[PDB]
Every structure is written in structure tokens, then in C-alpha cells.
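Below is work17.cif, holding mmCIF, C-alpha atoms.
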data_entry
#
loop_
_atom_site.label_atom_id
_atom_site.label_comp_id
_atom_site.auth_asym_id
_atom_site.auth_seq_id
_atom_site.Cartn_x
_atom_site.Cartn_y
_atom_site.Cartn_z
CA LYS H 11 -42.76 119.43 145.46
CA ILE H 12 -43.13 119.58 141.69
CA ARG H 13 -42.33 116.54 139.58
CA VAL H 14 -41.25 117.01 135.98
CA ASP H 15 -40.89 113.88 133.84
CA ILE H 16 -39.06 114.33 130.54
CA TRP H 17 -38.82 111.72 127.78
CA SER H 18 -35.89 112.28 125.49
CA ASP H 19 -33.49 110.62 123.01
CA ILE H 20 -29.79 111.39 122.80
CA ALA H 21 -30.22 111.21 119.00
CA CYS H 22 -32.81 114.01 118.83
CA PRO H 23 -31.48 117.54 118.29
CA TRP H 24 -34.75 119.04 119.55
CA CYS H 25 -34.17 117.31 122.85
CA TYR H 26 -30.95 119.25 123.47
CA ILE H 27 -32.67 122.49 122.43
CA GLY H 28 -35.59 121.56 124.67
CA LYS H 29 -33.31 120.86 127.62
CA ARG H 30 -31.86 124.39 127.32
CA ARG H 31 -35.30 126.00 127.02
CA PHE H 32 -36.57 124.05 130.02
CA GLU H 33 -33.45 125.11 131.94
CA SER H 34 -34.22 128.72 130.96
CA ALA H 35 -37.77 128.26 132.29
CA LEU H 36 -36.48 126.75 135.54
CA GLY H 37 -34.11 129.67 136.14
CA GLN H 38 -37.04 132.11 135.90
CA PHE H 39 -39.30 130.04 138.18
CA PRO H 40 -39.24 131.31 141.79
CA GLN H 41 -39.95 127.85 143.22
CA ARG H 42 -37.24 126.13 141.16
CA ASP H 43 -35.78 124.45 144.26
CA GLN H 44 -39.02 122.48 144.63
CA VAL H 45 -38.85 120.99 141.13
CA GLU H 46 -37.62 117.41 140.73
CA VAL H 47 -36.64 116.57 137.18
CA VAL H 48 -36.64 112.91 136.18
CA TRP H 49 -35.28 112.03 132.74
CA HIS H 50 -36.82 109.03 130.98
CA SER H 51 -35.43 107.01 128.09
CA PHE H 52 -36.91 107.25 124.61
CA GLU H 53 -35.52 105.82 121.37
CA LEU H 54 -36.49 107.29 118.02
CA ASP H 55 -35.55 103.93 116.53
CA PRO H 56 -35.15 101.08 119.05
CA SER H 57 -34.13 98.71 116.24
CA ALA H 58 -31.47 100.97 114.70
CA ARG H 59 -28.19 99.34 113.66
CA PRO H 60 -25.45 99.63 116.29
CA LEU H 61 -23.78 102.12 113.97
CA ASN H 62 -25.20 103.38 110.66
CA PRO H 63 -22.29 104.79 108.59
CA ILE H 64 -24.32 107.21 106.43
CA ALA H 65 -24.38 111.01 106.79
CA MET H 66 -27.05 112.44 109.10
CA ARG H 67 -28.41 114.43 106.16
CA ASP H 68 -28.99 111.19 104.25
CA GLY H 69 -30.47 109.24 107.14
CA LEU H 70 -32.88 112.11 107.63
CA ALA H 71 -33.73 112.23 103.90
CA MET H 72 -34.50 108.51 103.94
CA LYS H 73 -36.45 108.44 107.21
CA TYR H 74 -38.63 111.41 106.22
CA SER H 75 -38.84 110.79 102.47
CA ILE H 76 -37.61 114.18 101.23
CA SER H 77 -34.79 115.48 99.05
CA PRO H 78 -31.25 115.78 100.41
CA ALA H 79 -31.56 119.55 99.80
CA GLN H 80 -34.56 119.84 102.14
CA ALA H 81 -33.05 117.52 104.76
CA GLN H 82 -30.07 119.89 104.85
CA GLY H 83 -32.39 122.88 105.24
CA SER H 84 -33.85 121.15 108.26
CA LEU H 85 -30.36 120.47 109.62
CA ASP H 86 -29.45 124.13 108.99
CA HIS H 87 -32.64 125.21 110.80
CA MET H 88 -31.89 123.03 113.82
CA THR H 89 -28.25 124.20 113.88
CA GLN H 90 -29.22 127.90 113.99
CA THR H 91 -31.99 127.27 116.49
CA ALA H 92 -29.51 125.46 118.76
CA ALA H 93 -26.97 128.28 118.47
CA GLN H 94 -29.54 130.57 120.08
CA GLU H 95 -29.46 128.21 123.09
CA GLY H 96 -25.68 128.32 123.30
CA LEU H 97 -25.35 125.00 121.42
CA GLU H 98 -22.86 124.55 118.57
CA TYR H 99 -24.04 121.55 116.55
CA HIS H 100 -21.88 119.66 114.05
CA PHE H 101 -24.26 117.47 112.11
CA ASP H 102 -21.66 116.65 109.47
CA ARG H 103 -19.86 114.66 112.17
CA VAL H 104 -22.87 112.98 113.72
CA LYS H 105 -22.50 109.21 114.09
CA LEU H 106 -25.92 107.62 113.54
CA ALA H 107 -25.71 105.22 116.48
CA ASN H 108 -28.15 103.02 118.36
CA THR H 109 -28.73 104.84 121.70
CA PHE H 110 -29.87 101.91 123.89
CA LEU H 111 -26.55 101.62 125.75
CA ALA H 112 -26.24 105.38 126.18
CA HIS H 113 -29.67 105.47 127.83
CA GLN H 114 -28.49 102.65 130.10
CA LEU H 115 -25.49 104.80 131.08
CA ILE H 116 -27.89 107.60 132.01
CA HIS H 117 -29.75 105.19 134.27
CA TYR H 118 -26.46 104.16 135.91
CA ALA H 119 -25.54 107.82 136.33
CA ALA H 120 -28.90 108.66 137.91
CA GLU H 121 -28.35 106.08 140.66
CA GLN H 122 -25.32 108.19 141.62
CA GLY H 123 -27.38 111.40 141.38
CA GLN H 124 -25.64 112.45 138.17
CA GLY H 125 -28.44 111.74 135.68
CA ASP H 126 -28.69 115.23 134.27
CA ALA H 127 -24.91 115.68 133.93
CA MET H 128 -24.69 112.34 132.06
CA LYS H 129 -27.61 113.24 129.79
CA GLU H 130 -25.93 116.58 129.07
CA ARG H 131 -22.55 115.02 128.30
CA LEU H 132 -24.09 112.53 125.92
CA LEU H 133 -26.13 115.13 124.03
CA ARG H 134 -22.99 117.15 123.49
CA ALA H 135 -21.02 114.07 122.41
CA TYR H 136 -23.64 113.10 119.83
CA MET H 137 -24.60 116.55 118.49
CA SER H 138 -21.34 118.44 118.57
CA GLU H 139 -18.37 116.16 119.04
CA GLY H 140 -19.04 113.48 116.43
CA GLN H 141 -18.81 110.75 119.02
CA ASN H 142 -20.29 107.27 118.67
CA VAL H 143 -22.54 106.72 121.69
CA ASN H 144 -23.04 103.00 120.90
CA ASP H 145 -19.30 102.47 121.46
CA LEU H 146 -18.33 101.16 124.93
CA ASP H 147 -14.91 102.87 125.04
CA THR H 148 -16.61 106.18 124.27
CA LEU H 149 -19.37 105.64 126.82
CA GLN H 150 -16.85 104.77 129.56
CA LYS H 151 -14.79 107.87 128.75
CA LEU H 152 -17.90 110.07 128.88
CA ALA H 153 -18.82 108.54 132.25
CA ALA H 154 -15.34 109.38 133.56
CA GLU H 155 -15.71 112.93 132.28
CA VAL H 156 -18.96 113.21 134.26
CA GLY H 157 -17.08 112.09 137.38
CA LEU H 158 -18.54 108.60 137.57
CA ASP H 159 -16.67 105.43 138.47
CA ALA H 160 -15.64 104.65 134.90
CA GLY H 161 -14.82 101.01 135.60
CA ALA H 162 -18.09 100.45 137.43
CA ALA H 163 -20.10 102.25 134.73
CA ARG H 164 -18.58 100.15 131.95
CA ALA H 165 -19.17 97.00 134.00
CA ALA H 166 -22.83 97.98 134.33
CA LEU H 167 -23.21 98.49 130.57
CA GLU H 168 -21.54 95.16 129.67
CA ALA H 169 -23.91 93.41 132.06
CA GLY H 170 -26.94 95.20 130.63
CA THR H 171 -28.00 95.99 134.21
CA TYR H 172 -30.24 98.95 133.28
CA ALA H 173 -31.45 97.45 130.00
CA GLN H 174 -34.82 96.54 131.52
CA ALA H 175 -35.32 99.99 133.08
CA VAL H 176 -34.73 101.67 129.70
CA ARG H 177 -37.33 99.41 128.04
CA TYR H 178 -39.83 100.22 130.82
CA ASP H 179 -39.21 103.95 130.28
CA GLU H 180 -39.99 103.48 126.61
CA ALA H 181 -42.99 101.28 127.38
CA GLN H 182 -44.35 103.96 129.73
CA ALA H 183 -43.87 106.55 126.97
CA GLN H 184 -45.70 104.31 124.50
CA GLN H 185 -48.53 103.69 127.02
CA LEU H 186 -48.91 107.48 127.43
CA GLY H 187 -49.18 108.01 123.68
CA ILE H 188 -45.85 109.84 123.61
CA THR H 189 -44.65 109.36 120.05
CA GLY H 190 -42.18 112.23 119.82
CA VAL H 191 -39.49 113.89 121.91
CA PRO H 192 -38.78 115.90 123.93
CA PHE H 193 -41.95 115.34 125.94
CA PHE H 194 -42.62 116.95 129.32
CA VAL H 195 -45.00 115.75 132.00
CA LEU H 196 -45.61 118.15 134.87
CA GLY H 197 -47.34 117.25 138.14
CA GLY H 198 -48.05 113.82 136.67
CA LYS H 199 -50.97 115.54 135.01
CA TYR H 200 -49.96 118.08 132.37
CA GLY H 201 -48.14 117.26 129.16
CA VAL H 202 -46.07 119.53 126.95
CA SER H 203 -45.06 118.18 123.52
CA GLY H 204 -41.89 119.24 121.71
CA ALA H 205 -39.19 121.81 122.52
CA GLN H 206 -41.50 124.63 123.50
CA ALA H 207 -40.52 128.18 124.51
CA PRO H 208 -39.22 128.87 128.05
CA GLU H 209 -42.34 131.03 128.56
CA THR H 210 -44.55 128.00 127.89
CA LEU H 211 -42.66 125.70 130.29
CA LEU H 212 -42.54 128.50 132.90
CA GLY H 213 -46.31 128.95 132.55
CA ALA H 214 -46.79 125.21 133.05
CA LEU H 215 -44.55 125.30 136.13
CA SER H 216 -46.46 128.35 137.37
CA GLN H 217 -49.88 126.81 136.72
CA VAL H 218 -48.94 123.60 138.49
CA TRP H 219 -47.54 125.35 141.55
CA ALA H 220 -50.67 127.48 141.81
CA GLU H 221 -52.87 124.37 141.82
CA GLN H 222 -50.77 122.94 144.64
CA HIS H 223 -50.77 126.15 146.66
CA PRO H 224 -54.15 127.77 146.04
CA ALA H 225 -55.25 130.89 147.89
CA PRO H 226 -56.37 130.13 151.48
CA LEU H 227 -60.14 130.24 151.99
CA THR H 228 -61.84 132.63 154.38
CA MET H 229 -63.62 130.43 156.90
CA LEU H 230 -67.07 131.28 158.23
CA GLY H 231 -68.66 129.98 161.43
CA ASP H 241 -73.22 119.65 164.16
CA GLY H 242 -70.19 117.70 162.86
CA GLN H 243 -68.09 116.13 160.12
CA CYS H 244 -66.17 112.95 159.22
CA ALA H 245 -62.41 113.54 159.16
CA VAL H 246 -59.74 111.19 157.85
CA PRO H 247 -57.23 110.51 160.68
#
Using the file provided, produce a representation of the structure as C-alpha cells.
Amino acid sequence: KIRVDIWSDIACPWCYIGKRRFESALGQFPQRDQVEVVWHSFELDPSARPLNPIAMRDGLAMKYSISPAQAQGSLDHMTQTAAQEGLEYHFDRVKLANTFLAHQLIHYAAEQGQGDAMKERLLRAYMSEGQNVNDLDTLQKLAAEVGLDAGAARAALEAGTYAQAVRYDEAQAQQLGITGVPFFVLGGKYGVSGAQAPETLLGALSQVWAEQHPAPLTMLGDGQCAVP
């Protein structure tokens, strides 16, 4: 088996792009059926307001200390880059929301085996559909759309059941020195930082598989100690 651990935030447009590029890599990888993907929570800003009412362009200009004109250029760059992955972003509608609860929903979804579908739904909701992913009504609806028990999912969020697990995900990311997303860990050994090309993630997948299935030695030929 091949384990891939990915840290990601719903609020990061490169994460959605990265998910597509990784999916492109996976499709080209002969041993794709032996890959287990595990999504991990990451928050760009764990202390963000529940909902910041300012335009994404402005939040970006403030956070990164540049002009509104440059912040827009960056938005325009990300939008066109995403389009090449089949993603139609709508940054003008983005709700700058705290993503803690949304990550919790992903953890709930994963216990039902629907982690990736939930992650996908939420990325779309944030990046394209102008939805507020800190809002419980919205989160419950999205869960229903994924095919989850909407009542159970909402109950889980109100209880904060997966709150601890999200914090541990983030703690683990911090302990690994992961300070930006998306971040890929392959074979619990190799790291790939950022939304890298499919070729790069395929080469990582390929390199890891090779290490786990190296070419069989030719044996030649008074004892040994063997582990039982």
C-alpha cells in the first residue's frame, strides 16, 4: 500500500488546484488502487473571525501587504490557473469565513468513508458558489448534498465532536514544519510542498512504489538469525 497524507485548507485556492493536479497524477499512476489518500485539516488563520465581510481582494491585500491592484492580479492568476484544471472560481463572491467547522464536517464525513467527496463539495462551495462555510445551515446542506445523514452531521458539528481531531491535524502539521498548503506527504517519508505539477506527484508516487517493490536479487549459494 501507498499512504498519501495531504494537509489542506478549504480557504486556499491552491489547495483546490492541487487536488485536481494530484488527481491527474493518480489517474496516470498504474498502481493507483494501492494508494490511500488521507486528508488532514489545516487553517491558514485559526483565529479568523467567524465571518469577515470584506472582499477577498481586500483581505488578500491586507494579509500580504500589497496594493489592491496586485492582489487582484494574483486572484486573476489563480482564477486562470484553476480554469485549466476544470475549476471555475468566483472570487468576487468568496465569503471570508473561519473554516474550523468545515474541517470538522470533513472529519465527520471521513468516518462514513466520504472524506474526499466532502472536501470536494466544500472547496467548490467556498471558491465558486459564494457560500459561507462557517454557517451551520450551509454546512448541513452541503453534507446532505454529499449523501451524508444531514441531521447527524449537523448534530456532530453543534457538539464539536471532531473539534479535537482538527486541532491535532493542525498540530501535526505544525510539528512537521508545514507552514503552507497544500502539502503532500508520501510513504510517511517524502514531502511535496505546494500545488505541484501532476508529473511531479506522479514521479513521487512512482519513486515511492519502486522503493517498496525493488527488483528481486539474484541469490548465490553456516547459519543466520531470522526474526520469527
Original post:
So which residues touch residue 200 (chain H) within 9 Å, counting only C-alpha atoms, skipping near sequence neighbours fewer than 3 positions away, as a list in words?
Top reply: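 Neighbouring residues, sequence-local ones excluded: residues 194, 195, 196, 197, 214 and 218 of chain H.
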Original post:
residue 88 (chain H): which residues within 12 Å, counting all atoms listed in the file, same-chain residues fewer than 5 positions away excluded, as a PyMOL selection string?
Top reply: chain H and resi 22-28+81-83+93-95+97-101+137+205
**OP:** Specify as a list in words each residue included when the PyMOL selection byres ((chain H and resi 177) around 10) is applied to this file.
**Re:** residues 51, 52, 53, 56, 110, 113, 114, 172, 173, 174, 175, 176, 178, 179, 180, 181, 182 and 183 of chain H
**OP:** Spell out the residues picked by the PyMOL selection byres ((chain H and resi 14) around 9) here, as a ChimeraX atom specification.
**Re:** /H:12-13,15-16,45-49,194-198,215
Original post:
CA of residue 44 (chain H) and CA of residue 247 (chain H), how far apart in Å?
Top reply: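 For CA of residue 247 (chain H) relative to CA of residue 44 (chain H), the distance reads 27.1 Å.
A straight line drawn from CA of residue 105 (chain H) to CA of residue 140 (chain H) is 6.0 Å long.
When the PyMOL selection byres ((chain H and resi 107) around 7) is evaluated against the file, it yields residues 59, 60, 61, 62, 105, 106, 108, 109, 142, 143 and 144 of chain H.
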Original post:
How many Å separate CA of residue 104 (chain H) from CA of residue 63 (chain H)?
Top reply: 9.7 Å
